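Notes for the one structure printed next.
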Amino acid sequence: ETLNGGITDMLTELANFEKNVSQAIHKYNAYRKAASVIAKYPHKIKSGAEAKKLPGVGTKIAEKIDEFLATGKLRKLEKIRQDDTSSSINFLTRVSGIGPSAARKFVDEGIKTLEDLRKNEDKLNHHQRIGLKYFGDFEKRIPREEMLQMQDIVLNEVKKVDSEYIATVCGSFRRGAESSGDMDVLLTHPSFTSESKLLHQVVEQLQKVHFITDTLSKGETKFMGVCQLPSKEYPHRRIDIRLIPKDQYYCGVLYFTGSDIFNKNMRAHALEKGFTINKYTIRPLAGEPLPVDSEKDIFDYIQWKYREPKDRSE
DNA sequence: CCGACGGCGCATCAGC
DNA sequence: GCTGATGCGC
DNA sequence: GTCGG
Ligand code: NA
Ligand code: NA
């Protein structure tokens, strides 16, 4: 972090302002991509020209790096931080359910703080009210030990509903991360295929044992909500539950396990072998989806040795 | 030069 | 009432 | 904002 952390922080902050204030999602991801490539660069950057050599770093970011290296700051960033309107809009987006559009509209009518939000509940939708309620909790990390306890409850209640369900907790947790941002559960059932109330019954049971406390959104295939471990008080946590057809399950498991870089790498290697891999299916290049009965079958199609989630960092 | 860049489920808005 | 668009999160 | 057709 001592290497280029000042630079990566700069780029991340620039990314947020492009997304939240300028509403320029592609510049946001552009800055994120540059922040990422620099964070992995194993040398202390001495000039913008040096950084320019990295994929994702272009002329403008090189110039910004040069300014930061010679001054220790960015004039535009300094001004942006001081701007009451831009900083308020940017801050409100930290509330789950409040995006750039809602944030801008709130600030336009003088609603700029959590306090302003708290006294204007009528102007918030259901999601936003929940995001406001658990503002602090949602920004907390989840230690692996708690994630394990959360997994214990999910797997137990799911099997209690129907022992033929298959549930897999994915995300960085499955790769063995020491902490998580949330819990992502992938769910399937032999009766659910692409050719032919499964989710509801699982959510219902998890609510019954007081694990799930709130609901952000819920349909026939995707639940997004809030959960909390029983106290022997634990912070409330974000949990998503996805119902996926059996024939698409393991492609989904692979995708949502990650990492993002590993997925990009696995898709690239797949393309050179004559296959295309998305989150749903794998198809020869696109023809019809190939039968997939496990994660390993995906690796075998692309002539890869089966990679354990632990080693899917890159 | 200039278009692509994560794609889609759900909630809610815009409009008929 | 509906269909389609938009916002949002991931 | 950067990349590449
Ligand atoms: Na570059
Ligand atoms: Na938000």
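We use all heavy atoms of the structure for the numbers below, so side chains are in, but hydrogens, waters and symmetry mates are not. Just so we're on the same page: letters track the sequence lines, and every chain starts at 1.
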I need the [atom1]-[atom2] distance between [X] and [N], as an integer number of Å.
X	N	atom1	atom2	value
A:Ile277	B:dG7	CD1	P	16 Å
A:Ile130	C:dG9	CD1	P	14 Å
A:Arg94	C:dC10	CZ	P	15 Å
A:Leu124	C:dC8	CG	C1'	14 Å
A:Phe256	B:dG7	CZ	P	13 Å
A:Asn278	B:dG7	CG	P	10 Å
A:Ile25	C:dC8	CD1	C1'	10 Å
A:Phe138	C:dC10	CZ	P	9 Å

inquiry  = Please enumerate all residues that pass salt bridge (charged side-chain N to carboxylate O under 4.0 Å, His left out) together with A:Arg94, with sequence neighbours excluded.
reply    = A:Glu139

Could you list the residues that satisfy side chain to side chain donor-acceptor pair (under 3.5 Å) with [X], not counting sequence neighbours?
X	result
A:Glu50	A:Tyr41
A:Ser86	A:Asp83
A:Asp240	A:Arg238
A:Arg242	A:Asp184

When we call it a touch if two heavy atoms are under 4.0 Å apart, what does [X] touch: a base, just sugar-phosphate, or nothing?
X	answer
A:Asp240	sugar-phosphate
A:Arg32	nothing
A:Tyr31	sugar-phosphate
A:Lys27	base

request  = Mind checking side chain to side chain contact (heavy atoms under 4.5 Å, CB included) for A:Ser96 and listing every partner two or more places apart, or none if nothing turns up?
outcome  = A:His127, A:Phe138

note = Residues at least two apart in sequence or cross-chain that pass side chain to side chain contact (heavy atoms under 4.5 Å, CB included) with A:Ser217, listed by chain then number, are A:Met224

Write down the distance separating the [atom1] atoms in [N] and [M], rounded off to the nearest Å.
N	M	atom1	answer
B:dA4	B:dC8	P	16 Å
C:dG9	B:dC5	P	22 Å
B:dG6	C:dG7	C1'	16 Å

remark   = The contact string for nucleotides 8-13 of chain B, one letter per nucleotide 5' to 3', using protein heavy atoms under 4.0 Å with B, S and - for base, sugar-phosphate only and none, comes out as SSSSS-

task = Give me the ring orientation class for A:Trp304 and A:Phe299: parallel if the planes are under 30° apart, tilted from 30 to 60°, perpendicular past 60°.
result = parallel

request  = Quick one: look at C1'-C2'-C3'-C4' in C:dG1 and give me north (positive) or south (negative).
outcome  =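 The sugar ring of C:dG1 falls in the north range (positive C1'-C2'-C3'-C4' torsion).
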
Heavy-atom contact window of chain A on DNA chain D, given 5' to 3' at under 4.0 Å = D:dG1 to D:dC3

message = Is it the case that the ring center of A:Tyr249 lies less than 6.0 angstrom away from the ring center of A:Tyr255?
response = no

A:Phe262 six-ring face occupied by A:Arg307 cation (under 6.0 Å, within 45°) =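 Not satisfied by the 6.0 Å and 45° rule.
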
